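What follows is a single structure, written as structure tokens, with notes after it.
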Amino acid sequence: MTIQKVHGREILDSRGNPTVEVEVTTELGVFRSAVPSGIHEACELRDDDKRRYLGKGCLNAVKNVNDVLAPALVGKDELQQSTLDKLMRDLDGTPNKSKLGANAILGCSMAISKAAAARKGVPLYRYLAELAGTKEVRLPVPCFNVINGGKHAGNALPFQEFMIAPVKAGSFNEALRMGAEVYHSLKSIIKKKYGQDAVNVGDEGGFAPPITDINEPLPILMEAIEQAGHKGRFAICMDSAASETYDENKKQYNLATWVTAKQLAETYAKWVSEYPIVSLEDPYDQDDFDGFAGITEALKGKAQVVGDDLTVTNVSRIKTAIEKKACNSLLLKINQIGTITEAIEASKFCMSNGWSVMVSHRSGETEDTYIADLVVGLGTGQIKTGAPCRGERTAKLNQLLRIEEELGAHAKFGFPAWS
Ligand SMILES: [Mg+2]
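Residues 1 to 38, 43 to 259, 266 to 429 in PDB author numbering are what the sequence shown spells out, letter by letter.
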């Protein structure tokens, strides 16, 4: 009835860096989970041996799975998520998981929950829904990354992510096709205006064209949506990652074109007014609680404001945020917090304070599909997991089709407020 084996191994992620994979064995099978990788987050433990993988090795985190966590988990009842997640946190002993590593622990937490789902005779998403007390599961609207700027692209583009989202789709099956078609349509446009080389892809599968006009990107997307055949069925999500353009010293942002926060809101207003933008992620710096707060009010009813760097999937950052009424949407990254029980706790807490929850990949991913099940089981209606391109992104989109098939034609889709 109990856990029989727990093992860790180092594997490669989608950009060629090591990460941690864990298998939990029971009489029911071998349950396998891998950890993704992207100040206030749970510690990701690396070996910093410069002779292996440029310091990025995961031997120590693996050793910690096999030598500390495993002997502690063998002989236990994998059904007990909360209890085992606490035992693992108490084994590390530190508030940020910096002795054993969040990458050692999360892998255990995930795989345990999968063994537990088998034990209960239900698919993983049904099991997660129960642990989360989700009243209705649903398939999420996929927010696909299609155009890159900021620290990723050598573009004149300053902001990190433009995303398209098939909010008027009727199912996930249709959403994925819609997203795909606009993607090919986008590539086509971009290749017309910039050339073959310009449509090669970033880490998350979208494009990094050499655009030069801060106003040329949003309309490219509108053009790709029409050419795809889906005029008026898509919305737009941004991720500014504003921290990356900011001076703690100059108190301003460098869009060198330096501008105020007051002034930078003028830009966000002109875009949400013009374009069907429904979500704005990290519009200001990760400590600009007041800059966040104002734009959130300004955009009440038009677009959600989503904390990523702001909230770092961290309860005490989230409570800070709720006090200052700084955002109303949490980016949810399981490996920033480190256990499934906490991640679920964080989701319940934001939702119960009136926030949405966008479940998210990391820029370093694996063929793992856990988050497809999580986002369904949490019922958030929103996921960000890549362009419809690159296997570490598409494995998630595919898992979502599988889940929707299993749910049957009754199965619910998307984010109501965007539908
Ligand atoms: Mg971000």
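We treat Cβ as the ideally placed atom computed from N, Cα and C, and that holds for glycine.
Check: Inter-stretch contact at 8 Å, needing at least 3 Cβ pairs: the stretch 136 to 144 / the stretch 215 to 226; Outcome: no
Check: Secondary structure of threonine 270, DSSP reduced to three states; Outcome: coil
Check: Opening and closing residue of the beta strand (DSSP E) in which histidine 7 lies; Outcome: 5 to 12
Check: CB contact flag (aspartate 318, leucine 341, <8 Å); Outcome: yes
Check: Three-state class that DSSP yields for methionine 226 in the structure shown; Outcome: helix
Check: Boundaries of the beta strand (DSSP E) in which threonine 404 is found, first to last residue; Outcome: Where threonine 404 is concerned, there is no enclosing beta strand (DSSP E), although the alpha helix (DSSP H) it sits in stretches over 401 to 417.
Check: Per-residue DSSP class, three states only, for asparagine 64; Outcome: helix
Check: Given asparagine 363 as reference, the closest of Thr351, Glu178, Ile328 and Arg50 once Cα atoms are compared; Outcome: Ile328
Check: Collapsed DSSP secondary structure at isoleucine 168 in the structure displayed; Outcome: strand
Check: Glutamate 291: CB within 7 Å of a non-hydrogen atom of ligand 1; Outcome: yes
Check: The beta strand (DSSP E) enclosing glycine 387, as first and last residue numbers; Outcome: It is not in any beta strand (DSSP E) - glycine 387 instead sits in the alpha helix (DSSP H) that spans 380 to 388.
Check: Contact set for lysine 334: own chain, Cβ-Cβ below 6 Å, skip 5 residues either direction; Outcome: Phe299 and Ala303
Check: Cβ neighbour criterion (16 or more within 10 Å) applied to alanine 427; Outcome: exposed
Check: Which of helix, strand or coil DSSP assigns to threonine 26; Outcome: strand
Check: N-terminal and C-terminal residue of the beta strand (DSSP E) that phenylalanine 148 is part of; Outcome: 148 to 152
Check: Best match in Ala46, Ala184, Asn64 and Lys139 for proximity to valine 386 [C-alpha to C-alpha]; Outcome: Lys139
Check: Any non-hydrogen atom of ligand 1 within 7 Å of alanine 382 CB; Outcome: no
Check: Nearest-angstrom Cα separation, counted from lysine 196 out to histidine 188; Outcome: 12 Å
Check: Other residues of its chain near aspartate 383: CB distance less than 8 Å, five sequence neighbours each side excluded; Outcome: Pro127, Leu128, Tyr129, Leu132, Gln409 and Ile413
Check: Stretch pair the stretch 147 to 158 + the stretch 57 to 64: three plus CB contacts closer than 8 Å; Outcome: no
Check: Bridge-paired residues (DSSP) for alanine 239; Outcome: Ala169
Check: For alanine 74 and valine 6, believed in contact at Cβ under 8 Å, the rounded distance; Outcome: 4 Å
Check: Residue(s) in a DSSP beta bridge with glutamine 256; Outcome: The partner list for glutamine 256 (beta bridge, DSSP) is empty, contrary to what the question assumes.
Check: Presumed contact (8 Å Cβ cut-off) between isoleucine 193 and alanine 228, rounded CB distance; Outcome: 6 Å
Check: Within 8 Å, strictly: CB atoms of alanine 34 and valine 20; Outcome: yes
Check: Boundaries of the beta strand (DSSP E) in which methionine 368 is found, first to last residue; Outcome: 366 to 370
Check: As assigned by DSSP and simplified to three states, the class of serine 37; Outcome: strand
Check: heavy atom of ligand 1 below 7 Å from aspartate 53 C-beta; Outcome: no
Check: Bridge partners - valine 145, DSSP secondary structure assignment; Outcome: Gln392
Check: Inter-stretch contact at 8 Å, needing at least 3 Cβ pairs: the stretch 308 to 316 / the stretch 279 to 289; Outcome: yes
Check: Straight-line gap, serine 283 to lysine 254 (C-alpha atoms, nearest Å); Outcome: 29 Å
Check: Own chain residues within Cβ distance below 8 Å of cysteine 399, not counting five before or after; Outcome: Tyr187, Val205, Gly209 and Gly210
Check: Closer than 7 Å: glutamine 164 CB and nearest ligand 1 heavy atom; Outcome: yes
Check: Residue range of the unbroken alpha helix (DSSP H) whose run includes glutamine 200; Outcome: No alpha helix (DSSP H) contains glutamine 200, which DSSP labels as neither H nor E.
Check: Within 8 Å, strictly: CB atoms of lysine 90 and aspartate 96; Outcome: no
Check: First through last residue of the alpha helix (DSSP H) which encompasses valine 325; Outcome: 325 to 333
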